[PDB]
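**Q** Quick one: the structure is below, questions incoming.
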Amino acid sequence: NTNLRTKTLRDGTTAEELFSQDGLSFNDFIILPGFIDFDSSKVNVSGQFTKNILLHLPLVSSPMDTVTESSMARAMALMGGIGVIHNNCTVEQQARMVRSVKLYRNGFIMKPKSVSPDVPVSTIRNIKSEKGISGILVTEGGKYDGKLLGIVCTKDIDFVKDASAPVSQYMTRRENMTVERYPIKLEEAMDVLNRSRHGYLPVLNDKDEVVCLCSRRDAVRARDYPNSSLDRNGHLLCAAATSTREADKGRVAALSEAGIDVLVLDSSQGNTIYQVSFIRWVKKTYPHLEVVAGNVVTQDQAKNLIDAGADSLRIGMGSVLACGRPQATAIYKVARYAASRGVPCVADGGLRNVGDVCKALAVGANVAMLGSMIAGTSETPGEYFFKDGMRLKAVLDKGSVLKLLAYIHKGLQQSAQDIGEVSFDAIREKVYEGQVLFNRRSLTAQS
Amino acid sequence: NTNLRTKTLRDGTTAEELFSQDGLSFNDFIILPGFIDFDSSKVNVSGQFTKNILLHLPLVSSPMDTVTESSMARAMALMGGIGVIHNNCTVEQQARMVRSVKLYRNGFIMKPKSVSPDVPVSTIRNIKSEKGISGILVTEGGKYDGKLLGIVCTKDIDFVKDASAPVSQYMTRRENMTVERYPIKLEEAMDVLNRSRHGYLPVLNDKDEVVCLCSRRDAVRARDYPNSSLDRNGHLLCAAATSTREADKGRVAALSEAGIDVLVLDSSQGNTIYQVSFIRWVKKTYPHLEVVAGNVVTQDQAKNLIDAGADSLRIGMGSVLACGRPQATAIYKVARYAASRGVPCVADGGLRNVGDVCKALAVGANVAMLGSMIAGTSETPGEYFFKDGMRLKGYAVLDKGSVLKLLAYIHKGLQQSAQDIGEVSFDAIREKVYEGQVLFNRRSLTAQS
Amino acid sequence: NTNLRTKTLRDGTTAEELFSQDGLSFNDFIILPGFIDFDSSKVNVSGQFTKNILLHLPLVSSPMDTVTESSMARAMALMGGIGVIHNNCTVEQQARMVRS
Ligand SMILES: Nc1ncnc2c1ncn2[C@@H]1O[C@H](COP(=O)(O)OP(=O)(O)OP(=O)(O)O)[C@@H](O)[C@H]1O
Ligand SMILES: Nc1ncnc2c1ncn2[C@@H]1O[C@H](COP(=O)(O)OP(=O)(O)OP(=O)(O)O)[C@@H](O)[C@H]1O
Ligand SMILES: Nc1nc2c(ncn2[C@@H]2O[C@H](COP(=O)(O)OP(=O)(O)O)[C@@H](O)[C@H]2O)c(=O)[nH]1
Ligand SMILES: Nc1nc2c(ncn2[C@@H]2O[C@H](COP(=O)(O)OP(=O)(O)O)[C@@H](O)[C@H]2O)c(=O)[nH]1
């Protein structure tokens, strides 16, 4: 239906004209509708977080100590986005959070949590309550590669009152265990696990030592979250923030060991000599890492940071107070310039509802960073408390971040539908082409 | 430490003097502190819901269609309180909600949900998704008492791609199942279940027909909720509301069949001839049922409804109609009169924070009814939605999260208040209030800032 | 680092264009960021109060009778600025404040 979808009258204003005068926020303009011949279910909202990482869900959790720790990053990656673990912590704590995110979901679990036979049941209960993993292997000397002696699961210890008893008293013992022998393809191993009606399947060598471990929970997670952002080994994608000082070099190394796939530079004004040097050093020393430089708001800053070797750009400054730029103009300008050079952009700031996120993605941003919009969800750091009959964490309880991410997803889909394009890549292309049009709204026209 | 706890100077105002003038609400007065020689954890907040039903947690969910359905009543019963299933529904819907509450927790599971071998996996998934029960028995002709053929659990069908496949293809077959033979004591059966590391244990006769079923989930529910309000058969307590018209008689019967333990009469002004007749008829026809009459706010009304045979009274009227009464005065007066006659009372209305609940319990109410305070928790009826960057509930209110966390918060608050007052139980607080050893101070309008 | 500091794309609006239309207050505009290769400690904020007087601190206390007398002028001069003693007084009082 290209004859019906193609605008020839072009009654409206193109992005280039809209952003050619004064700096705009998202309320200053609206997107005009197009032609619909599809359901909102079929809309692809995906966007590039970096040159090589495509997110099924163009949403990134902001690296604030009040928003993104291991739990938030896990939720984001599971729903098809990603989270940036904040850097307001020691290097070891940040690496531990990254490791939690990366080893939450696996195919073969290579370093399965293991204990020695004399460990008390209390310790396994602590592991399950704190780290949330069951099917703890009991091996010679507790080494994750030692001889397999048994396994401890939920129903093996849920009835015992003496929490100091050794696991050897209640574990399922090796002689009675369904196991597999190295080597084995993940497909066959997991189908065997399914047929076995058990929750775990260790994989051992010829010496009965633990090679790895398969978990039914990973299969069920794959079934319940088919769009999770994953690496090539089946782990959830994870990003981590860092400043560009010389000390932070150490930090970077640690994160690289923990397995981050994206490094995000933390700066209000990223067009500095220190950030340029840092990006060069990161791309040289850890080529496998992708770097999101920023923050920037003008095309000059973007030119410098892209020349340095940035894989993506963080847009935002102001969304004492004498330096910055209205956020919608910043996004349009920087994202257009960066796209001309093949670099996607992240919108960071002033994104307070679904209409704003949609506008920010339409005017050039590939993905959007969420801070306030997801603050107070169950997955954020912090403790809940009651006050005035409201439950707060301060901000009000917004429940699960997963339900909110699904809400934002449906909102973006319906908006793209009304605009008349079945994907946001198409929306951005047609915006640059002048086939998706806008209207600036007078101040009165805003209600 | 009776020398230190016993007030002889008695610097303060007794409840009788406090409520002797104009009608008061809860902000008009404060409770004076006493003597502390115990930690707040050791405080017993329990109160009588009726002549025969004691609640470890003196909280009742209000029978409003926006507050109490099966899920809320279950949560309340589990935390040591109770819920009243609302009556803004058909008799069949109310009985179904009551059944949901009553059969959630069991010892021996009677009439275990079972299916025939040709049933598709889709049906088992539907059972798990709607009603929330696993371990479906597969029997001769699907009869809950037929010959046992197998069992279908979570891990038996979580991997299957053809939801139309028969359960017999993936069920665990009877020859491989750990089972027990009638008769068996629940204690031995549950220890067997524990040792077996399985989730379910059927109990069969000599013909391999299903007699009953034990669920490990019940053991874990008992472990995680040790204070659950239970009847004598191990089921959660459940209450249900009804009006006092002639038609509602039918309703009562149905609810009685569903297994309610308390009937609650719904009326803004319960001192009527219709309610008196209804209470007489209920106590006559269903002696096993306990009735909470109301609503009332004066000792006249309380006399009539207790003479009718009420086992408890709901206090509250007004918390444009010109008739009602300030809630704290109403509670004190009616609860004092009813206690003189051996009947506990429920405070219903104007309860908006924990201090008000503590005050209402101290001045005579045995338990407190919560409506607004718990509306918008996850367990209430209604659908969640996002609006203006806020999570709300609709058929609007703000999301308060889990009602369980809220109930625990109220529990800790009541305990700390009782500690500051200097008594280790709320029965003690009520007794000492009537005795003049727990004292109050009326607050001037200025003193409330 | 002149290659990195020098704007060639010039994505933004020059002062001449900004002030070419209607009269603006300070909230009507914002300054765009540039390139950083130094610490804020090294920034020179000095400005000429007059053709021959350079102030290390480009701040002047207003000559209002509620703001600037001898003490304020002293504080300003000491911190690198200057103060203007108000003229809502006799000549002798103003001269005495100046002398102080
Ligand atoms: N490979 C195995 N061989 C034999 N028995 C096993 C094996 N793995 C687990 N078990 C036993 O079966 C039961 C495991 O159930 P499961 O793995 O589903 O527990 P979980 O992962 O902790 O979560 P949940 O049981 O609540 O679904 C336990 O009794 C355990 O001892
Ligand atoms: N009495 C029994 N005898 C033999 N097998 C049983 C018995 N009860 C349950 N099973 C089987 O145990 C295996 C694992 O149980 P499954 O995890 O699927 O459900 P569950 O025991 O209720 O625990 P959960 O649903 O939390 O995982 C299933 O194949 C189930 O059919
Ligand atoms: N037994 C078991 N181990 C898991 C599972 N999932 C992940 N693991 C592993 O458990 C380990 C937990 O981290 P660990 O190094 O033991 O603790 P830390 O030193 O405090 O970080 C990780 O190495 C994970 O790979 C599971 O489902 N079962
Ligand atoms: N298989 C199984 N049945 C249960 C369990 N818990 C309760 N039940 C029984 O399952 C039945 C629920 O289905 P049912 O009431 O017969 O259907 P309804 O008439 O439409 O409400 C009840 O008889 C419960 O007693 C459980 O854990 N497993």
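We're sticking with Swiss-Prot numbering for chain B, so the shown stretch reads 3-321, 330-405, 440-493, in order.
Cβ atoms are placed via backbone N, Cα and C, with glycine included.
Here Swiss-Prot flags B:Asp268, B:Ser269, B:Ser270, B:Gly318, B:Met319, B:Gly320 as NAD(+) binding site. Residues annotated as domain 'CBS 1' in Swiss-Prot: B:110-169. The domain 'CBS 2' annotation in Swiss-Prot covers B:173-231, and the record cites sequence analysis as its basis.
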**Q** Helix, strand, coil: count each for the residues of the domain 'CBS 2' (B:173-231), based on DSSP.
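**A** Final tally across the stretch: 23 helix, 16 strand, 20 coil.
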**Q** Run through the domain 'CBS 1' (B:110-169) and tell me, per DSSP, how many residues are helix, strand and coil.
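**A** DSSP classes over the domain 'CBS 1' (B:110-169) add up to 18 helix, 16 strand, 26 coil.
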**Q** Between the two most separated Cα atoms in B:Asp268, B:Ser269, B:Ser270, B:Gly318, B:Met319, B:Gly320, the residues recorded as binding NAD(+), what distance in Å do you get?
**A** 15
**Q** Just name the most isolated of the binding-site residues B:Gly318, B:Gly320, going by other Cβ atoms within 10 Å of its Cβ.
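**A** Sparsest of the binding-site residues B:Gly318, B:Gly320 by Cβ contacts within 10 Å: B:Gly320.
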**Q** For a quick check of understanding: among the binding-site residues B:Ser269, B:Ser270, which residue's Cβ has the most other Cβ atoms within 10 Å?
**A** B:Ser269
**Q** Please state whether DSSP places B:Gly318 (NAD(+) binding site) in a helix, a strand or coil.
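**A** Looking at the DSSP assignment, B:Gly318 (NAD(+) binding site) belongs to neither helix nor strand, so coil.
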**Q** Return the count of C-beta atoms lying within 10 angstroms of the C-beta of B:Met319 (NAD(+) binding site), excluding that atom itself.
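**A** For B:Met319 (NAD(+) binding site), the 10 Å Cβ neighbour count is 23.
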**Q** Taking the Cβ of B:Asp268 (NAD(+) binding site) as centre, how many other Cβ atoms lie within 10 Å?
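**A** Result for B:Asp268 (NAD(+) binding site): 21 other Cβ atoms within 10 Å.
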